[PDB]
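Asker: Residues in the sequence shown are numbered consecutively from 869, following full-length UniProt numbering. I have a structure here, written as structure tokens, and I will follow up with some questions on it.
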Amino acid sequence: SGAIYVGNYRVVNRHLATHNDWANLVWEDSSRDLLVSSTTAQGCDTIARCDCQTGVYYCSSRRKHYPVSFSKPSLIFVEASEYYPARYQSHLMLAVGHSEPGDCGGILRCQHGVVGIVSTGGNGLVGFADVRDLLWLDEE
Ligand SMILES: NC(=O)[C@H]1CCCN(C(=O)Cc2ccc3c(c2)CCC(=O)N3)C1
Ligand SMILES: [Zn+2]
């Protein structure tokens, strides 16, 4: 589990969104595994605006933050899980690291701020849903 709290937005994995998220919906995209809902309180996270390919992510199944090298956001085939059939996921970045289903939501960050959240796992790989192109998270 986990979310990004930027401005009056909460960014979560679409497959982990709650009823309150769907009832306060700002934007969602199944192909990216992302959903954004509105919040009453302002958050403290800042979004990175860059093309870094190195950063650090939080792994809840290890209680550890790991430094990783990751690919650029791309269209990647992801195997079936209990939330989606096997399909192509867009804006996804891969790295070598540990990721169990419940690790979804952990933040990946670089020197500029939050880059994305854990969205996929298995086979010794971790995949992150990028948020750096969502410029509207910084306003309104
Ligand atoms: N965004 C997505 O499509 C993900 C959301 C739902 C779940 N998805 C995952 O990848 C999560 C995942 C984590 C660990 C494993 C596995 C899956 C299958 C193989 C294995 O041995 N371990 C897919
Ligand atoms: Zn960066």
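Backbone N, C-alpha and C define an ideal beta-carbon position, used for all residues, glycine too.
Ordered along the chain, which non-local residues of its own chain (more than five positions away) have a Cβ less than 6 angstroms from that of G995?
Answerer: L960, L962, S987, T988
Asker: If you reduce the DSSP assignment to three classes, tell me which class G923 lands in.
Answerer: strand
Asker: Count the CB pairs spanning the segment 946-955 and the segment 922-938 that are closer than 8 angstroms, and state whether there are at least three.
Answerer: They do not touch, by the three-pair rule.
Asker: Taking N881 as part of the beta strand (DSSP E), name the residues at either end of that continuous run.
Answerer: 877-881
Asker: For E1007, I'd like the list of residues in its chain whose CB is within less than 8 angstroms of its CB, leaving aside the five on either flank, ordered along the chain.
Answerer: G875
Asker: Return yes when the Cβ of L902 is within less than 7 angstroms of the Cβ of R931, no when it is not.
Answerer: no
Asker: Please state whether the Cβ-Cβ distance between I915 and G981 is less than 7 angstroms.
Answerer: yes
Asker: Quick one: what's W895 bridged to in DSSP?
Answerer: Paired residues: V904.
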